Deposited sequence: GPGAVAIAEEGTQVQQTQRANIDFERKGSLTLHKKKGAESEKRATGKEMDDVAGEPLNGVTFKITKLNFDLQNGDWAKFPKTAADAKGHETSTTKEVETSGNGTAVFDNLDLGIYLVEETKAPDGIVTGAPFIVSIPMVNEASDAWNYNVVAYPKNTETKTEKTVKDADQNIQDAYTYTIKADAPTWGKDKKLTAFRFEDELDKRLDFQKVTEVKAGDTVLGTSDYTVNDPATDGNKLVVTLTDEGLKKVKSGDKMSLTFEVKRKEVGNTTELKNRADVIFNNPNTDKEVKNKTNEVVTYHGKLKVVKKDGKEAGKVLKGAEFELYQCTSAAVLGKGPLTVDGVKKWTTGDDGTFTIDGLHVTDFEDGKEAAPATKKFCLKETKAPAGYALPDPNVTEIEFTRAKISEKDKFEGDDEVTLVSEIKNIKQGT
């Protein structure tokens, strides 16, 4: 039998796309059953026939890497997306040298580097020519998540944001050359400090990263890893950033949203990868108290003193007197009112619906205006929920108003 190449034959390329760690094992070009990772559907591959002649050209001069292929591209191309078991088949292929590139991939996928394939090929000199080439390209799934720890933290109380992100994987020629966290903070927020930067289970020191100054940087936070920092990062490590903030005021809406970004190099293609987190929400509103004379019609009262408590009901006071923005006692003004700017809603915390919505606020009247008796009970429980603060009474959307009555002493 002849061992020659049959140039009246047509070849094929079969890609078995995998989600996982790179193959530092040079592939046979034949079937391998290397299901180390999970099959990845949705990745598109583009093959490009190169000018090189297998029939009459010098094979010693043929490209062996994606870099050597540059400048030898032809108009003959084909695009296929992975479908069943993360498989893309390129059929009725003219014999020749092809460049294989990833054109599209799903969200969070860090693609592998482009590669070169010969149709036909041999793994070993003793093998028969192989016209049906099989390759196992690799990819890495990198997820980015944002959480908020803001339970019982009112206006000017420090609360934290935490950004979690999967670092990419890198081969032994390849490396992680850049890695940063970006977060555009709402104008109502004041950055406090970065509390923790973690690479896997390794808590980094302040020499391993840099912090910009959000106040003079349009309220945008940037936390970049230095050269020292990067050295501590291992392939595919779970990166973490916890930083502290204070909400200055309630503002125009009860809700305050946060979303962040992670930017790193693709170790294989060296091109920048931006990854965006989910959006998290913190809710605060204002509490307005109006002191009224119970028996004397349409009359407000100056000089009524109050304290604020956490409570399950008016008969059962919890934490308090509470300090909200350096004040732990409020007195009604010349208009018979005061406004606490502001408090954490009782029905939504740490980024989710409160379970159970048992928390309430309690106003304790500590002193009645001159010539007025101290009401009994002197405690008013408040259902400070998003829905109740949202109600309007033109007689607003971010303020909940509480009417409290006092009666003149003696009679």
item	value
Deposited residues without C-alpha coordinates, grouped into stretches that follow sequence order	1 to 17, 413 to 415
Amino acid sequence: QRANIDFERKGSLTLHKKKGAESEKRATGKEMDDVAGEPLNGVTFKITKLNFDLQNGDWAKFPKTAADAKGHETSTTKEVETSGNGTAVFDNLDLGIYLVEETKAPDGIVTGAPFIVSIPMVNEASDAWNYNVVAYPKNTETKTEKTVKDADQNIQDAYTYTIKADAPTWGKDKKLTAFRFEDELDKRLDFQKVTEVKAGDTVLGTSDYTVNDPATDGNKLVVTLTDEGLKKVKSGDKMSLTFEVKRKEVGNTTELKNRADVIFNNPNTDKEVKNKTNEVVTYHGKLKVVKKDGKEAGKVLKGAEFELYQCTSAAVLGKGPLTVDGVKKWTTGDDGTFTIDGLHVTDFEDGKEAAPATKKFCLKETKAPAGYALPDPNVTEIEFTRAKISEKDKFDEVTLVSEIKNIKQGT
From here on, numbers count along this sequence of modelled residues.
| property | result |
| --- | --- |
| Stretch with the greater mean C-alpha B-factor as recorded in the entry, comparing 140 to 148 against 101 to 109 | 101 to 109 |
| 379 to 387 or 59 to 67, whichever carries the higher mean Cα B-factor | 59 to 67 |
| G229, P120, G333, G326, ranked by C-alpha B-factor: the highest one | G229 |
| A314, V80, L308, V222, ranked by C-alpha B-factor: the highest one | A314 |
| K352 - Cα temperature factor, lowest/middle/highest third of chain | middle |
| Ranked against its chain, the third holding the CA B-factor of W170 | highest |
| CA B-factor placement of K359, once the chain's modelled residues are sorted into thirds | highest |
| Third of the chain's Cα B-factor distribution that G251 belongs to, per the entry | lowest |
| Assigned third (lowest, middle, highest) for the C-alpha B factor of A125 | middle |
